[PDB]
Amino acid sequence: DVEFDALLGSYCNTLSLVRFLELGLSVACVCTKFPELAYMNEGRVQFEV
Amino acid sequence: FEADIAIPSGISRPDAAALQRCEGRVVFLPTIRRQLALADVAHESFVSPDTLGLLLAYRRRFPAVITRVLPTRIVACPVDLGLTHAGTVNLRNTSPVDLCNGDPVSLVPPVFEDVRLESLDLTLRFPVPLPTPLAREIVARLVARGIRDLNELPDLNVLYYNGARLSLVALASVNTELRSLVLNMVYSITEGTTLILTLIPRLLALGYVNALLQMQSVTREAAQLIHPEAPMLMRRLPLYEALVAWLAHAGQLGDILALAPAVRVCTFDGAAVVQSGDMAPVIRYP
Amino acid sequence: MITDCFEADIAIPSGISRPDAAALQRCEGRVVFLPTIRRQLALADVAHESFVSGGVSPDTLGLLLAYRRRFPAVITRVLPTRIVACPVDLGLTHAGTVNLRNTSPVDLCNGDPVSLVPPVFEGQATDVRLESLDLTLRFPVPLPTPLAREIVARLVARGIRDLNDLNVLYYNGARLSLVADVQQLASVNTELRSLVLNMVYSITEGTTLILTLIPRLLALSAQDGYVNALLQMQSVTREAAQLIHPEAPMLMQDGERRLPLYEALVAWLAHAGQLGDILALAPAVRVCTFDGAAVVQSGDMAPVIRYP
Amino acid sequence: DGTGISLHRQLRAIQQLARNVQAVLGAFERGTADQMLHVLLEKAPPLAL
Amino acid sequence: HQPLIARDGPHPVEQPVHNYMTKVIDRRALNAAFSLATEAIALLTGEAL
Amino acid sequence: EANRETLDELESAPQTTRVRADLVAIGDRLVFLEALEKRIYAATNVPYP
Amino acid sequence: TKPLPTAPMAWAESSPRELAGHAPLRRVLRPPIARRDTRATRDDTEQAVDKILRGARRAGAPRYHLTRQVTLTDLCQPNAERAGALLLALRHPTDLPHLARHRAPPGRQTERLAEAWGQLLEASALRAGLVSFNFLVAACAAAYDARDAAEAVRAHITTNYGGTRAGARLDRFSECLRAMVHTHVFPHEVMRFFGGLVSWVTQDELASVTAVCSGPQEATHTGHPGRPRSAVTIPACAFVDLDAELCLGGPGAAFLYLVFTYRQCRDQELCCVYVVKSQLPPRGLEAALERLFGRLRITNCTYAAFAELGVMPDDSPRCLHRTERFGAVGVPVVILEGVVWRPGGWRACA
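Protein chains in written order, with the UniProt record's numbering: chain V, 51 to 99; chain Z, 6 to 52, 57 to 122, 127 to 164, 172 to 190, 195 to 230, 235 to 262, 267 to 318; chain X, 1 to 164, 175 to 318; chain W, 149 to 197; chain H, 100 to 148; chain P, 345 to 393; chain C, 3 to 16, 23 to 45, 76 to 97, 104 to 170, 181 to 354, 417 to 466.
As structure tokens, then:
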């Protein structure tokens, strides 16, 4: 007598890497980066009309 | 280990200088987390409660000594966790009692007399770090004062510690403030000492519990029973369903009025006595 | 590490069928009572066979009394050869964070202390039995402590009824009843003795000054909604003042130099405030989850900080 | 140990980091697009008003 | 494998997740009947020939 | 690598013939739209499930 | 320094898997996440700085908290008592004559503590100070049973402690202690555990005492690197086991406890200091105080008051019984070995 058990194929996934600037939403952002934001206290912007 | 408390924007010059003052004064935070808003710390987060609710609040919340205060955020080190990691944290007195070396320190709600930030539009009250032998008396004296207003004494306004006099008077608000402890301390004894009075005459269990009790209650409780039952007396009374309701209430106040020490003091290369206003080194873990 | 943890090791025996091995790995964070703080033990010393007394199996009310003569340890990792457990009574971890597991049907909140209780509930007495080793295991139940003060309060109070319903609770709107069971009269006498000693010692000469203030209270619970919600529907003082008008002795023996009420409070806390810990065991553990939520639900692990 | 199994269980444990770090770093790009909506919405009144 | 999107406080901090299932094979059979007849057996056998 | 060629992918393409069916485009996707009961199930006693 | 015990030698210098833990972390690879697929001195001062610089090249061991406290030397003497004794701190003394007026039960002398302590300031001159442990044993020596070694403690105190007639302070400080119990201001509410002796620096009238408020005992920087060891010594009148007296021969970690006994009678009041070793939980201790010290419970309503002291972490706790020489007097002293100090609070049992 001969018997046995089998595994058939395993299956993974792939996490999709979403890059933000790919989205159409990247319009609304203007992204400039500080290397150091932390040290800064209140910063500002000036609007003249 | 340390947690961080961000200050919301719009901070004035004296209100930022108000937070510069309370460098090492104790803050209760809800849960240990990295980002943690300053509205969780403030007295708005405690709803205002009286001094029974503040004893209830300090057990569910997590005590944490503020370390250095940055302009952007307030950094605080928790007692239960980040003091097992970081060694020793400087702690500023706000008590009128000077701390000796080796004192287990507990914190007490401010019953006696409150930094308020106006631009952020919130208040802060801080606990009072005074030692645990005084803490179990000063709570008990203010209840003993409170019962006598419910009909005081010539003394009991006076306490001595380290040869120094304390003034518990410094009073009309305080008696209204601590009144809910009084209504629970009066109640817990009265339903306490009426279940005893209704159960010792009920059984006097015959075996050795009978001879052991009344011989030990000889002129201690058996005299005090008939001295009560002189101005007292001896359907179905709900005698057994009330011990459930009594032990649940009496074990509830035992957690409150314990005032467990969160802090011990091992000073090294310093004074054995830390005076008021000064900072004391604080550990609790070996 | 010797001072920080203390990894007490229960050794697993040799002959274990792989189902009974896979049962113990399902017991990752449980509660195990040690008799000593030895670093080398066996499952026979942990299990219910070491728990049974001479000839007589203990009931649930005695099952408390032989918990508090032991050392509660939390299993931290179940190895294939042995079981690693850390006792609570010494010190929990280096960082002080142990994972327990709610076997209860009751969720926990953050900052609730955790008192543990035998399997008192109905449909709950789940003992992992190893048939290849002939060992059952009573893993006790972690609870929030106002349940664990009320559950022990139901078991003592039912025990005094048998010296001559009550078995229904509520907690956060959930109706749960506990197992009604026969009780050993030897064990209930120990709980009965611990009431009478602790209640009488809380009686002082200042208490009769307080008992004069009972007609003040019934005059006051007719005015406050707070005190009217305080006394109860099932109080005794509302009955023992409508039949009883007490009065004090007018002068006291040296009542000026000493404080008659202040000593009554201190004596009351040392005997009646302590009393919930004398019947049950102590809450040496509370819940401080870091970043998840306020509430750890049933069946799910909860981190643990040491707690006086 | 001097075994191959020990060496094999690193490799299973090392490639467990890759499964995480990748799964994490991605959560920041998907994280920004989450803030922007939470930002822009707070800026925006309803048309009907 | 399930991904993350990193949120802010006070929302709890989620971790990468991993899901492993293994399905068991389900087995069946089919049937068909070929039946012959007697005098047909004798022919093919070569007998009645 | 958390990313590999799935072993399932390395087989050569099978042979293909040209078979008749009905490929309907519903929304964005092709579908065989097929009703068997004439092909299979015809002229038997077997119901059509 | 590169020996030939090369198997576990790397493990004691902090290991072999630590280089393996640094192999997948530091040795390999380009990850975090990667892509797809002048004869004697100088060099003596030069090797002095080299003895400093080797400490800067690098940076197991447990942690301590050393405590220093400058304390006058009237009652306690760190000079006579060697390194490794208990130390008990005190409160402030001027709160004593006022708190006796209030906590006293009616019918007792409130003005006894104000005069008994007043004759010790007038006896120690012949301010939260310190009282060491061996000084305290001879004061309560009149209430210990063998009494042969309770008088041996009293023998080396009158002859070796700094101070003129410390035995006159002994019959005064025990009279102070017998004034504590009568005036109801109990001595357990005053005594505070301070650490074990590691070093002390004396001067005129005072000393700078250093101790260990938390941690183990045996590895402290004593101050003298010739003898960096210190063992705990307790005289045999105060040392009380509970494992042999109840046939508890099972091994395990052992705990240490301070225990006070009270005896409230009309002008027959005793004091005793005990140091109990047990394997019992602190919740399961008062039943043992009922068993041995229910004798004074019948005569007394607090009768005992205890406090934790520390833990022997051994599975087999180790004791010794020798007679050390305190100057010229040999006292039977129980030696405890490997004690990890963890303090605690007090307890009342009315």
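Backbone N, C-alpha and C fix where the C-beta goes; we use that ideal spot for every residue, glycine too.
8 Å Cβ cutoff, residue i in contact with chain C
| i | result |
| --- | --- |
| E353 of chain P | no |
| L185 of chain W | no |
| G183 of chain Z | yes |
| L173 of chain W | yes |
| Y236 of chain Z | no |
Cβ of residue i within 8 Å of any chain V Cβ
| i | result |
| --- | --- |
| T151 of chain W | no |
| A192 of chain W | no |
| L195 of chain W | no |
Residue-chain proximity (residue i, chain H), Cβ-Cβ < 8 Å
| i | result |
| --- | --- |
| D301 of chain X | yes |
| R70 of chain Z | no |
Three-way DSSP call (helix, strand, coil) for residue i in this model
| i | result |
| --- | --- |
| residue 173 of chain X | Because residue 173 of chain X lies between 164 and 175, and chain X jumps straight from the first to the second, it has no atoms in this structure. |
| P225 of chain X | helix |
| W457 of chain C | strand |
| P270 of chain C | strand |
| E344 of chain C | helix |
| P35 of chain X | coil |
| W161 of chain C | coil |
| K331 of chain C | strand |
| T212 of chain C | helix |
| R232 of chain C | helix |
Reference residue i, options the options, closest by Cα
| i | options | result |
| --- | --- | --- |
| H100 of chain H | H:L135, H:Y119, H:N130 and H:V123 | H:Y119 |
| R82 of chain X | X:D112, X:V46 and X:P113 | X:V46 |
| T138 of chain C | C:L157, C:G128 and C:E272 | C:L157 |
| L155 of chain X | X:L65, X:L137, X:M1 and X:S14 | X:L65 |
| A222 of chain C | C:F187, C:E243, C:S186 and C:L165 | C:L165 |
| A421 of chain C | C:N123, C:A78, C:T115 and C:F347 | C:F347 |
| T353 of chain C | C:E424, C:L425, C:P433 and C:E323 | C:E323 |
| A105 of chain C | X:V178, X:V74 and X:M1 | X:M1 |
| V191 of chain C | C:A14, C:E26, C:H146 and C:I288 | C:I288 |
| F51 of chain Z | Z:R69, Z:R226 and Z:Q40 | Z:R69 |
| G162 of chain C | C:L231, C:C435 and C:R434 | C:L231 |
| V141 of chain X | X:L261, X:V120 and X:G159 | X:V120 |
| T212 of chain C | C:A193, C:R126, C:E344 and C:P305 | C:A193 |
Proximal residues of chain A, C-beta to C-beta of residue i below 7 Å
| i | result |
| --- | --- |
| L65 of chain V | Reference to chain A is not applicable here, since the protein chains of this structure are V, Z, X, W, H, P and C. |
Min CB distance residue i to chain X below 8 Å
| i | result |
| --- | --- |
| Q333 of chain C | yes |
| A148 of chain C | yes |
| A153 of chain Z | yes |
Any C-beta of chain W under 8 Å from that of residue i
| i | result |
| --- | --- |
| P32 of chain C | yes |
| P115 of chain H | yes |
is_contact[residue i, chain P] using C-beta, thresh 8 Å
| i | result |
| --- | --- |
| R38 of chain C | no |
Residue i at chain Z interface by Cβ criterion, 8 Å
| i | result |
| --- | --- |
| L253 of chain X | yes |
Between the region 61-73 of chain V and the region 6-24 of chain Z, can you find at least three pairs of beta-carbon atoms closer than 8 Å?
no
Proximal residues, the region 157-168 of chain W versus chain V, C-beta separation under 7 Å
none
So does the region 204-214 of chain C actually touch the region 253-272 of chain C, counting three or more Cβ pairs closer than 8 Å?
no
Tell me whether the region 227-247 of chain X and the region 262-279 of chain X touch, counting them as touching only if at least three CB pairs, one residue from each stretch, are closer than 8 Å.
no
Using 8 Å as the Cβ pair cut-off and three pairs as the minimum, do the region 85-97 of chain Z and the region 105-117 of chain Z touch?
no
Is the number of C-beta pairs between the region 32-48 of chain X and the region 141-148 of chain X that are closer than 8 Å three or more?
no
Is it true that the region 272-284 of chain X meets the region 208-215 of chain X, where meeting means three or more beta-carbon pairs spaced less than 8 Å apart?
yes
Does the region 180-200 of chain X touch the region 305-317 of chain X, meaning 3 or more C-beta pairs lie closer than 8 Å?
no
At a Cβ cut of 9 Å, what residues of the region 113-141 of chain H count as close to chain W, listed as they run along the chain?
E113, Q114, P115, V116 and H117
Counting Cβ pairs closer than 8 Å, one from the region 80-96 of chain V and one from the region 19-31 of chain Z, do we hit at least three?
no
What residues in the region 32-51 of chain Z bring their beta carbon closer than 8 Å to a beta carbon of chain H?
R38, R39, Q40, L41 and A42
Between the region 312-320 of chain C and the region 240-247 of chain C, are three or more C-beta pairs nearer than 8 Å?
yes
Which residues, taken in chain order from the region 197-215 of chain Z, show a beta carbon closer than 7 Å to some beta carbon of chain X?
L207, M209, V210, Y211, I213, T214 and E215
Return the residues of the region 78-99 of chain V that lie within a Cβ-Cβ distance of less than 8 Å from chain Z, sorted by chain order.
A88, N91 and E92
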